[PDB]
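Worksheet for the structure shown next.
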Amino acid sequence: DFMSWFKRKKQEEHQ
Amino acid sequence: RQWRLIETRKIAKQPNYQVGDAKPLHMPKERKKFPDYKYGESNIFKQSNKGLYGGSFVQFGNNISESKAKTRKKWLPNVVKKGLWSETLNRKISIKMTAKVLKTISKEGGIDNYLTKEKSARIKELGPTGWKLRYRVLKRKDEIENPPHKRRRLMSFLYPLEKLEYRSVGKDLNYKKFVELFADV
Amino acid sequence: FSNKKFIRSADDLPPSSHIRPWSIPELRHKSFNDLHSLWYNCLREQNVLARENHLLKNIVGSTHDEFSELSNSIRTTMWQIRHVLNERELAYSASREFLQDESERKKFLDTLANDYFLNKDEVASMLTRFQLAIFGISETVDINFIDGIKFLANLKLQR
Amino acid sequence: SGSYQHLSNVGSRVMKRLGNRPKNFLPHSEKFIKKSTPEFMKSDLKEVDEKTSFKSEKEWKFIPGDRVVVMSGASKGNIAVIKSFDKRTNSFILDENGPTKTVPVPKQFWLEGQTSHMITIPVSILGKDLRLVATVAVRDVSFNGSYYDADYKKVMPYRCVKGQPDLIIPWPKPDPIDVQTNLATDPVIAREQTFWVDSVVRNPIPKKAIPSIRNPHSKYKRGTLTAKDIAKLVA
Amino acid sequence: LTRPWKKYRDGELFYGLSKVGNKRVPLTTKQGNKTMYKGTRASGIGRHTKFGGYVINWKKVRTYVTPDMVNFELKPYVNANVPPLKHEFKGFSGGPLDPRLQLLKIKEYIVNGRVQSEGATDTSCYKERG
Amino acid sequence: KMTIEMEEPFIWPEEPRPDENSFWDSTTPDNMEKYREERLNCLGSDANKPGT
Amino acid sequence: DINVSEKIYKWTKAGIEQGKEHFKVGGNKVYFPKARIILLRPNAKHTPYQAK
RNA sequence: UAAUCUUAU
RNA sequence: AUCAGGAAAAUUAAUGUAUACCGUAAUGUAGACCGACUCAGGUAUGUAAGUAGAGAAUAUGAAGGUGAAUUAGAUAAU
RNA sequence: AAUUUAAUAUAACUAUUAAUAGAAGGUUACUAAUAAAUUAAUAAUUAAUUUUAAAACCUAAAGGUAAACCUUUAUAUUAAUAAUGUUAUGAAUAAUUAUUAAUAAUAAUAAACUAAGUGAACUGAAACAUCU
Ligand SMILES: [Mg+2]
Ligand SMILES: [Mg+2]
Ligand SMILES: [Mg+2]
Ligand SMILES: [Mg+2]
Ligand SMILES: [Mg+2]
Ligand SMILES: [Mg+2]
Ligand SMILES: [Mg+2]
Ligand SMILES: [Mg+2]
Ligand SMILES: [Mg+2]
Ligand SMILES: [Mg+2]
Ligand SMILES: [Mg+2]
Ligand SMILES: [Mg+2]
Ligand SMILES: [Mg+2]
Ligand SMILES: [Mg+2]
Ligand SMILES: [Mg+2]
Ligand SMILES: [Mg+2]
Ligand SMILES: [Mg+2]
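Spelled out as structure tokens, the structure:
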């Protein structure tokens, strides 16, 4: 769950 | 008397196979030559499967002394090798017999007669070998009585024509195959 | 490799929402050659992923598994393709069996004759298609071909 | 790792035994797992088995994108748009307004614009703990009809409020998947029909291809009997 | 020392963790005598010679036949904007293997000549007959 | 594992940096493994002992 | 006329020239192969003209 | 000695 | 010399031959096998530098390998 | 709205009673997938009934073997055609590919209960031998 959240956060940061 | 060691025997009931049904996993190579003997094949005095023992199995019992000290003994039947004449087969058939069985044969007036007696007791006290012998004799008697006519050439005549017809369409045709096709017709 | 990359990053990979495996129905109306090509593309993709997946597991000791999921998905599509290929053959075999039963075939021929052939309010095109469909006659020789010729002659006589 | 285990299925029975642990020794199994995992990784909720997993959109009462009020918790009476569900746990990850925990995190997993190792992260939460909203919250939702969605591209059910069925709670329209990948075939080519059932004489796929398609020596496919075979069998 | 961090005698082995273990576990290619030949299902290809050689039988050798004109536009995945298609076979007990259905399809082909289906024409479509 | 000889040469592309690629970055999984080892194999007063 | 190894070499050369197979193709036609292969990184013992 | 039995071809 | 010494599986000519699978590390008079142990035990074969010699005895040791899960001191009685 | 108590789970065994019926393991990989119909109910549906796909190797009994391997050659003949190249004189002889017809094959199978065959000894008799 955490890993997925972190990935989502990274994606958001990118875009 | 009784036929306990014979009529106790049970054999796996084969399911009746329809022409359209699925195969069993292990179908045998060569077909069944003889009819099924009701009482299978003896699983104790297997010595007696090879001969006409007249339902006389080996006994086991006790040797008993003056002191009554019991000791296990066995009581074998009076077996004997004996080539006896079959009128039906037109040959003598050599087998192991009990002396009792030989006596019965003599009484009945032949070996074929002994084999072919319709009573259930006889059937029980025939072996698997005895059953096969009976079948051989009975079949031979039937043949003697009733020759085929009282067709093969027609089949032989038609076969080459049938083959030619097949070739004209495009396929080749063997005899054996032709025979298989026109057995029931 | 893929775009000459030692390893596809998360951004370089195709995302899960954008990608779907093939549906069996979709596969069912694709030609044999096309299906074969698709299969080989799938296999190629798996190889690329397999190389990468191995590197990931053996060296870095990851448990990210995107590549593995992709490989699985491809494998799913492949077996679906294999299934549709088998299914088509079976359907063909069933049709052949049906045609072999003579009365049914005759009925089918009669039905064909009634509706579309011998009618007005194209015919040649239908015949050419029908010829290919039912008999071995394109624009070589057999009993079936002969039968088809005879049928065609009969139709001509009727018309 | 330096494993090679992943290119095979070796020690299969042992793996099965390990994988399918008895359920009454599940606490035993997970106690050590919990210990092993760091605080920022581990979750409080029970990792449910794939049998008891909400695969359908009826089984999940809520979809990622819809707005939900939280209750039975610390951040209760809080509206939150649910971001993504967790499949193994059977739970939802809410946005900033939902329930969270502040936990230390290593610099491998640092977001751009962080001073401290301490970071607030969203905890998972069950569908039982949170109720829909439309402002009016919904006590319970029921499904009675179904229809093809244009955006979702599925035959989805109609979320209706429990009791009065005409009050439909609509599904949240998802984000547009702008697909630009070399491994995804486009809509026109993906569906274009190149096969037609035409020939009865010529078989569609060649004879040399059949062995790949099906096993010609299949032990399962039993042969049918004939008259001759029957005769051979029977005495 | 075998390993310098272990100065004193712990019950650690010279190599590995345990000497003992289940001996009854299937043989591999590496194990056994010089004469022990396991094999790996790789070569029922040719025939062994009288003298100990080998002669390949090329009619019994695996080729991997690839299509001559590769449709590269077909990809391992489909674009997810396309819905997953669904066929319906109502009035056909056999389903896609139904001979009646096949006959109908053949008839349609004969009449029309390679007309694309609902799903094939329209990508927005999700259910279909064929 | 089968080696092949081929008439044209080939050299692999250079492996990416830790910062560049997400997956090819062995620090995280190795750290996790180390942490697991520490926690399971921690016995008594090494619970108080600070983490590596 | 000529020895076996030389004949084989000649055949291989001919196949290369053709752009056909440089080897006798078998008859056991596998249309839909399921086998995957993992291209490995090169060891020190190999050249740039090898791949494993 | 076409009771039995042993051997060889 | 008496102790009297295995078994079993052809040749010319023409036409072929694209050469399959498995073994290959290191250890093996041993810490890597059999002895409950990194056990002075047990464990098959071939080379086994020269100088010396009857020699594979014995001395030395070119090369190679090794100097070790115990050390440092003290060295009473025993 | 929550808490407690008692009962119920795909998720214990044991004994009894009642009712009903007579049933795959392992090995490791080129992993061993499924598709449908009709009827009822509530287009998707759950339920019932029926059809259908794939499914490696080993588990005495195709032939071997040191279980998960090897060898047999059904991606075979044999024939009939069609297309290709060579030999010798339109017809003949061999090889390769592609259709059509013909030819055989896959034992992993319970355990308890029953019936039959053979049939102990310790032990008891305060010994022991009939007897047990
Ligand atoms: Mg032991
Ligand atoms: Mg060895
Ligand atoms: Mg060799
Ligand atoms: Mg070695
Ligand atoms: Mg070596
Ligand atoms: Mg040992
Ligand atoms: Mg000892
Ligand atoms: Mg030692
Ligand atoms: Mg010397
Ligand atoms: Mg020296
Ligand atoms: Mg050494
Ligand atoms: Mg020492
Ligand atoms: Mg078997
Ligand atoms: Mg052998
Ligand atoms: Mg008894
Ligand atoms: Mg007593
Ligand atoms: Mg006594």
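Chains as they are written, first to last, in the authors' numbering: chain A, 38 to 52; chain B, 22 to 171, 203 to 237; chain C, 72 to 192, 197 to 214, 220 to 239; chain D, 2 to 135, 148 to 248; chain E, 17 to 146; chain F, 159 to 210; chain G, 55 to 106.
Ideal placement from N, C-alpha and C gives every residue a C-beta, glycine not left out.
Interface residue (Cβ-Cβ distance to chain B less than 8 Å): residue 235 (chain D) is classified as such. With fewer than 16 other Cβ atoms inside 10 Å of its own Cβ, residue 227 (chain B) counts as exposed. In the DSSP annotation of this structure, the continuous segment of the alpha helix (DSSP H) that includes residue 200 (chain C) starts and ends at 198-209.
Residue 89 (chain G) and residue 72 (chain C) have their alpha carbons spaced roughly 18 Å apart. With contacts defined as CB atoms closer than 8 Å, residue 197 (chain D) and residue 142 (chain E) fail to qualify as a contacting pair. Here DSSP, grouped into helix, strand and coil, assigns residue 230 (chain D) to coil. Within a 10 Å sphere around the beta-carbon of residue 109 (chain B) sit 16 or more other beta-carbons, which makes this residue buried. Around residue 158 (chain B), the same chain offers 107, 109, 110, 133, 136, 137 as residues with beta carbons nearer than 8 Å, after the five sequence neighbours per side are excluded. In summary, residue 70 (chain E) is exposed, with fewer than 16 beta-carbon neighbours lying within 10 Å of its beta-carbon over all protein chains present. If you draw a 10 Å sphere on the C-beta of residue 214 (chain C), you find fewer than 16 other C-beta atoms in it, and that means exposed. Relative to the Cα of residue 73 (chain E), the nearest Cα in the group E:61, E:87, E:115 belongs to E:61. Residues of chain C whose Cβ lies closer than 8 Å to the Cβ of residue 177 (chain F) do not exist, since the nearest Cβ in that chain is about 11 Å away. When the beta-carbon positions are compared, residue 41 (chain B) and residue 238 (chain D) come within less than 8 Å of each other.
Per DSSP, the continuous beta strand (DSSP E) segment holding residue 101 (chain B) begins and ends at 100-107. When secondary structure is reduced to three states using DSSP, residue 100 (chain G) falls in the coil class, being assigned neither helix nor strand. Of all residues in the region 84-103 of chain E, only 89, 90, 91, 92, 93, 94, 95, 96, 97, 98, 99 place a beta-carbon less than 7 Å from a beta-carbon of chain D. One Cα belongs to residue 89 (chain C), the other to residue 190 (chain F), and the distance between them is close to 31 Å. Look at the region 196-207 of chain D: the residues with a C-beta under 8 Å from a C-beta of chain E are 196, 197, 198, 199, 200, 201, 202, 203, 204, 205, 206.
In this structure the region 166-174 of chain D lies against the region 50-65 of chain D, because at least three pairs of beta carbons, one per stretch, are closer than 8 Å. Fewer than three beta-carbon pairs drawn from the region 103-116 of chain D and the region 60-72 of chain D are found closer than 8 Å, and the two stretches are therefore not classed as touching. At least one C-beta of chain F is nearer than 8 Å to the C-beta of residue 131 (chain C). Annotation: the continuous alpha helix (DSSP H) that includes residue 229 (chain C) extends over 223-238.
Shortest Cα-Cα distance from residue 208 (chain D) to any of C:209, C:199, C:141, C:104 involves C:104. Residue pairing by DSSP places residue 161 (chain D) opposite D:168 in a beta bridge.
If you draw a straight line from the Cα of residue 221 (chain D) to the Cα of residue 167 (chain C), it is about 19 Å long.
Within the region 209-232 of chain D, 209, 210, 211, 212, 213, 214, 215, 216, 217, 218, 219, 222, 223, 225, 226, 227 place their CB atoms closer than 9 Å to a CB of chain C, listed in sequence order. In the structure shown, residue 90 (chain B) falls within a coil segment according to DSSP collapsed to helix, strand and coil. The C-beta of residue 74 (chain B) has 16 or more other C-beta atoms within 10 Å across all chains shown, which makes the residue buried. Here DSSP, grouped into helix, strand and coil, assigns residue 135 (chain E) to helix. Scanning its chain for C-beta atoms nearer than 6 Å, with the 5 sequence neighbours on each side dropped, one finds around residue 75 (chain G) the residues 69, in chain order.
Counted as a single uninterrupted DSSP element, the beta strand (DSSP E) harbouring residue 118 (chain B) occupies residues 112-119. At least one CB of chain C lies nearer than 8 Å to the CB of residue 87 (chain G). Non-local beta-carbon contacts of residue 145 (chain B) in its own chain, meaning distances under 7 Å to residues more than five positions away in sequence, involve 24, 27, 28, 60, 76 in chain order. By the CB criterion at 8 Å, residue 106 (chain C) and residue 183 (chain C) fall outside the cutoff. Using a 10 angstroms sphere on the CB of residue 149 (chain D), the tally of other CB atoms stays under 16, which defines it as exposed. Boundaries of the alpha helix (DSSP H) harbouring residue 15 (chain D): 13-20, taken from the DSSP string.
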